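Step one of this worksheet: look at the structure below.
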Amino acid sequence: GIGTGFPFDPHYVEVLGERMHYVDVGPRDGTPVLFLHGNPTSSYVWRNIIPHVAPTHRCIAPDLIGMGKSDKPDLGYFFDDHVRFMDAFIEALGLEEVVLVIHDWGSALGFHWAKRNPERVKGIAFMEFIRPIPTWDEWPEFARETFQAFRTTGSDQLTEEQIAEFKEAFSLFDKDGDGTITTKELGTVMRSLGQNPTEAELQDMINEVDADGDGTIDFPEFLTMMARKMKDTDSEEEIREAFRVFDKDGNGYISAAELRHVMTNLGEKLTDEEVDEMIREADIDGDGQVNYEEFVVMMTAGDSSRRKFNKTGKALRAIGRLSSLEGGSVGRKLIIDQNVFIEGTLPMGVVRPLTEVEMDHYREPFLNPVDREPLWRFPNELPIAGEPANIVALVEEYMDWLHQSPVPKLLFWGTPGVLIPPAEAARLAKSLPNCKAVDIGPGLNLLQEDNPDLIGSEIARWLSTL
Ligand SMILES: [Ca+2]
Ligand SMILES: [Ca+2]
Ligand SMILES: [Ca+2]
Ligand SMILES: [Ca+2]
Ligand SMILES: [Ca+2]
Ligand SMILES: [Ca+2]
Ligand SMILES: [Cl-]
């Protein structure tokens with residue numbers, strides 16, 4: 001009967017203009033034991049391990065910024081964001097000597113902080129920590145296809161001039177060449193095409209595909225929107241809508257003046273006789289106009305004026321695709337909207353079935369879809385296949401620090417595991433200094449939920465070694 005209650009007095013502290021939350025129970029003197037959680041949990045993952053440590057040693061378990069009960073500022077929640085907030089939080093409490101019990105992304109925070117302050121770390125307990133992996137073949141194949149979906153957004157085999165066609169469509173919006181599409185500069189062409197959305201609608205279309213966190217639209221974010229998922233009918237609403245932009249009078253034909261207007265409304269070079277040559281490749285029945293079925297031809301096909309037309313067609317199609325509010329990153333819609341990281345990824349991290357009262361505590365901090373930004377930034381920050389480069393070099397530095405650090409190290413592993421397999425858990429037991437490895441038997445990622453009895457057991461005995 002594994003307990004699920006959370007009977008800890010909550011404490012709060014402001015850090016960098018935002019407020020954070022932490023548990024603080026235990027004797028007030030000695031060396032504090034700092035618990036650091038990872039994705040997608042909070043302090044709730046340490047609820048049945050603190051009682052094994054709380055009597056003898058002080059236990060501090062904060063929730064990361066934008067998670068648990070800490071404040072949720074509008075940030076990208078990169079790893080460097082958590083470093084800045086955890087750095088100022090540790091010094092806000094005036095801590096010096098510290099013992100670290102870390103897991104998942106909390107281990108990346110604890111180890112990186114220990115490398116920069118090695119004279120202030122008395123002991124490190126850890127399990128399923130962040131490690132560099134060279135190939136996707138080393139990542140467990142049960143979650144290899146899914147964790148790719150969080151990071152396979154954009155660059156879906158777009159080659160030749162396809163990237164060069166979207167960059168010309170990207171040029172229709174960027175008049176100041178800032179590389180980013182301003183929330184007003186988008187509306188500058190929305191008004192220029194006969195429309196006029198609200199400011200709420202203007203930024204809502206950007207809040208769908210802003211993975212950078214700039215609040216604006218990037219070109220890599222412009223590519224992930226233009227996916228090749230061409231449903232025969234569901235994608236007919238955007239080409240038909242592209243036809244409505246030209247056909248203003250609604251008679252069913254695109255006039256030469258209707259064609260020249262929207263193109264010259266934006267930045268294009270078409271005089272009175274520069275538009276007749278693309279009428280040739282469009283007008284096939286000879287009526288001097290372009291109907292609907294002739295229009296889908298040019299939108300599905302020497303680029304004298306073909307370059308000019310296909311350029312705008314890409315931009316006009318992105319307008320209708322932005323208005324769909326479904327042109328976001330595929331990995332984002334899994335974690336943000338559909339919330340697959342709490343509904344599917346989190347339970348698959350524990351081999352035993354989590355209870356409804358248990359997982360309900362995990363849904364609590366992320367009841368708003370917009371507040372799930374760190375839930376999606378964390379998997380994209382994983383050092384996998386040498387990407388991201390800044391994270392790989394960062395984790396490969398505190399691992400080089402850990403190989404030579406004489407501090408006591410307590411490692412917990414399980415079978416089959418996710419981040420630390422049994423094969424790697426055996427090498428770390430024989431390669432790291434002062435390292436004793438404890439096997440919990442069955443275990444994946446959240447080793448705290450499978451055997452919280454054993455985790456707090458060996459830690460308690462390991463605490464009294466210093
Ligand atoms: Ca711009
Ligand atoms: Ca951006
Ligand atoms: Ca940018
Ligand atoms: Ca017309
Ligand atoms: Ca025609
Ligand atoms: Ca959405
Ligand atoms: Cl993750």
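Ordering of the structure tokens sets the chain letters (A, B, ...), residue numbers begin anew at 1 in every chain, and ligands are numbered from 1 in the order given.
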| All residues 10 Å or closer to residue A:300, only C-alpha atoms, same chain fewer than 4 positions away omitted, as a list in words |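 Residues near the query, excluding close chain neighbours: residues 239, 295, 296 and 310 of chain A.
Pocket residues of ligand 1, taken as those with any atom at most 12 Å away using only C-alpha atoms and all ligand atoms, are residues 170, 171, 172, 173, 174, 175, 176, 177, 178, 179, 180, 181, 182, 183, 184, 185, 186, 187, 188, 189, 216, 217, 218 and 219 of chain A.
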| request: Return as a VMD selection string every polymer residue, whether protein, DNA or RNA, with at least one atom no more than 6 Å from an atom of ligand 6; count only C-alpha atoms and all ligand atoms. | output: chain A and resid 208 325 to 326
| field | Atomic separation - atom CA of residue A:16 relative to atom CA of residue A:99, Å | value |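 Computing it gives 24.0 Å between the two atoms.
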| said: Applying 12 Å and only C-alpha atoms, which residues near residue A:434 remain after dropping the ones on its own chain fewer than 4 positions away? List them as an NGL selection string. | reply: :A and (123-125 or 402-411 or 428-430 or 462 or 465)
Write out as a PDB file with N, CA, C and O atoms, in the first residue's frame each polymer residue (protein, DNA or RNA) that has an atom no more than 6 Å from ligand 7, with only C-alpha atoms and all ligand atoms counted.
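Output file result_1.pdb follows:
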ATOM      1  N   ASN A  39      11.171  16.401 -15.219  1.00  0.00           N
ATOM      2  CA  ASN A  39      10.005  16.396 -16.093  1.00  0.00           C
ATOM      3  C   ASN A  39       9.395  14.995 -16.139  1.00  0.00           C
ATOM      4  O   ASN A  39      10.127  14.008 -16.253  1.00  0.00           O
ATOM      5  N   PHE A 378      11.527  20.632 -22.150  1.00  0.00           N
ATOM      6  CA  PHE A 378      12.436  19.647 -21.564  1.00  0.00           C
ATOM      7  C   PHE A 378      12.817  18.531 -22.531  1.00  0.00           C
ATOM      8  O   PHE A 378      14.022  18.260 -22.675  1.00  0.00           O
ATOM      9  N   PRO A 379      11.886  17.851 -23.214  1.00  0.00           N
ATOM     10  CA  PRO A 379      12.317  16.786 -24.137  1.00  0.00           C
ATOM     11  C   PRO A 379      13.147  17.289 -25.305  1.00  0.00           C
ATOM     12  O   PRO A 379      14.022  16.560 -25.788  1.00  0.00           O
TER      13      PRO A 379
END
| From A:126, A:222, A:309, A:246, residue lying nearest ligand 3 [only C-alpha atoms and all ligand atoms] |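 Of A:126, A:222, A:309, A:246, the one nearest ligand 3 is A:222, counting only C-alpha atoms and all ligand atoms.
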| So which one's closest to residue A:391, A:130, A:259, A:279, A:446? Using only C-alpha atoms, please. |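 Nearest to residue A:391: A:130.
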| message | From the options A:418, A:206, A:25, A:441, which residue's atoms come nearest to residue A:141, counting only C-alpha atoms? | response | A:418
| said: To one decimal place in Å, what is the distance between atom CA of residue A:30 and atom CA of residue A:437? | reply: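 If I compute the distance from atom CA of residue A:30 to atom CA of residue A:437, I get 25.8 Å.
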| request: Go through A:293, A:436, A:450, A:83 and flag the residue nearest residue A:353, using only C-alpha atoms for the distances. | output: A:450
| message | Among stretch 211-324 of chain A, which residues does DSSP mark as helix (DSSP H, G or I) when it is run on the backbone? Keep the chain and numbering as in the structure and answer as number ranges by chain. | response | A: 219-225, 236-246, 256-265, 276-282, 292-298, 306-322
| request: Skip residue A:111 itself and residues of its chain fewer than 3 positions away, then list as a list in words all residues within 9 Å of it, counting only C-alpha atoms. | output: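 Returned residues: residues 100, 102, 106, 107, 108, 114, 115, 116, 124, 395, 398, 399, 401 and 402 of chain A.
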| task | Work out how far atom CA of residue A:190 is from atom CA of residue A:316, in Å to one decimal. | result |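 If I compute the distance from atom CA of residue A:316 to atom CA of residue A:190, I get 9.7 Å.
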List every residue of chain A that has an atom at most 8 Å from any atom of ligand 4, giving for each one its closest atom pair and the distance in Å to one decimal, counting only C-alpha atoms and all ligand atoms, sorted by chain and then by ascending residue number, as CSV.
residue,atom,partner,partner_atom_place_in_ligand_line,distance
A:246,CA,ligand 4,1 (Ca),7.4
A:247,CA,ligand 4,1 (Ca),4.5
A:248,CA,ligand 4,1 (Ca),5.8
A:249,CA,ligand 4,1 (Ca),5.1
A:250,CA,ligand 4,1 (Ca),5.7
A:251,CA,ligand 4,1 (Ca),5.1
A:252,CA,ligand 4,1 (Ca),5.9
A:253,CA,ligand 4,1 (Ca),4.4
A:254,CA,ligand 4,1 (Ca),4.6
A:255,CA,ligand 4,1 (Ca),5.2
A:258,CA,ligand 4,1 (Ca),6.6
| When the cut-off is 7 Å and you count only C-alpha atoms and all ligand atoms, which residues lie near ligand 5, shown as a ChimeraX atom specification? | /A:282-291,294
| task | Choose the residue, out of A:211, A:109, A:133, A:447, that has the smallest atom-to-atom separation from ligand 3; count only C-alpha atoms and all ligand atoms. | result |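 For ligand 3, the nearest of the given residues is A:211.
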| message | So, with only C-alpha atoms as the atoms that count, which of A:455, A:20, A:342, A:245 lies closest to residue A:364? | response |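 Ranked by minimum distance to residue A:364, first place goes to A:342.
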| query | Per DSSP on the backbone, what are the strand (DSSP E or B) residues of stretch 90-284 of chain A, as a list in words? | reply |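 Output for stretch 90-284 of chain A, strand (DSSP E or B) only: residues 98, 99, 100, 101, 102, 103, 104, 121, 122, 123, 124, 125, 126, 127, 128, 129, 133, 180, 181, 217, 218 and 254 of chain A.
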Just N, CA and C atoms for this one: save the residues we selected as a short mmCIF file (atom, residue, chain, number, x, y, z; two decimals), in the first residue's frame.
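Wrote out.cif, looks like this:
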data_model
loop_
_atom_site.label_atom_id
_atom_site.label_comp_id
_atom_site.auth_asym_id
_atom_site.auth_seq_id
_atom_site.Cartn_x
_atom_site.Cartn_y
_atom_site.Cartn_z
N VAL A 98 25.59 21.59 1.02
CA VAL A 98 24.37 21.04 0.45
C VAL A 98 24.60 19.57 0.09
N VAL A 99 23.60 18.74 0.37
CA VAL A 99 23.54 17.37 -0.13
C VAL A 99 22.45 17.31 -1.20
N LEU A 100 22.75 16.67 -2.32
CA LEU A 100 21.87 16.67 -3.48
C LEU A 100 21.23 15.30 -3.66
N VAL A 101 19.90 15.28 -3.74
CA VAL A 101 19.14 14.12 -4.18
C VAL A 101 18.36 14.55 -5.41
N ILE A 102 18.76 14.05 -6.58
CA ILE A 102 18.32 14.59 -7.85
C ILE A 102 17.85 13.45 -8.76
N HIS A 103 17.01 13.81 -9.73
CA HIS A 103 16.44 12.84 -10.65
C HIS A 103 15.99 13.56 -11.92
N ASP A 104 16.16 12.89 -13.06
CA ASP A 104 15.69 13.35 -14.37
C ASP A 104 16.34 14.70 -14.65
N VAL A 121 29.36 20.87 -1.94
CA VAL A 121 28.56 19.67 -2.16
C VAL A 121 29.15 18.55 -1.32
N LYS A 122 28.39 18.08 -0.33
CA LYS A 122 28.86 17.05 0.58
C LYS A 122 28.47 15.64 0.14
N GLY A 123 27.41 15.50 -0.66
CA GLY A 123 26.97 14.20 -1.13
C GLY A 123 25.92 14.31 -2.21
N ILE A 124 25.88 13.34 -3.12
CA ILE A 124 24.96 13.35 -4.25
C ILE A 124 24.31 11.98 -4.38
N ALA A 125 23.00 11.92 -4.18
CA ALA A 125 22.20 10.76 -4.53
C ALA A 125 21.42 11.07 -5.80
N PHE A 126 21.34 10.09 -6.70
CA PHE A 126 20.72 10.35 -7.99
C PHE A 126 20.24 9.04 -8.60
N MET A 127 19.30 9.17 -9.53
CA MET A 127 18.71 8.04 -10.23
C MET A 127 18.13 8.53 -11.54
N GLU A 128 18.30 7.73 -12.60
CA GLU A 128 17.79 8.05 -13.93
C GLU A 128 18.17 9.47 -14.34
N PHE A 129 19.46 9.78 -14.23
CA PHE A 129 19.94 11.13 -14.46
C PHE A 129 20.12 11.40 -15.95
N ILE A 133 23.80 10.78 -24.93
CA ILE A 133 23.62 9.58 -25.73
C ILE A 133 24.09 9.89 -27.15
N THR A 180 12.00 37.60 -38.22
CA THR A 180 10.82 37.23 -37.45
C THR A 180 9.63 38.04 -37.94
N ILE A 181 8.46 37.40 -37.93
CA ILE A 181 7.23 38.03 -38.39
C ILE A 181 6.56 38.70 -37.20
N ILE A 217 7.03 34.84 -34.99
CA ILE A 217 7.11 33.68 -35.88
C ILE A 217 8.50 33.63 -36.50
N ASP A 218 9.14 32.46 -36.42
CA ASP A 218 10.45 32.24 -37.03
C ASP A 218 10.29 31.47 -38.33
N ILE A 254 -11.03 34.63 -61.90
CA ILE A 254 -9.99 35.54 -61.42
C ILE A 254 -9.64 36.48 -62.56
#
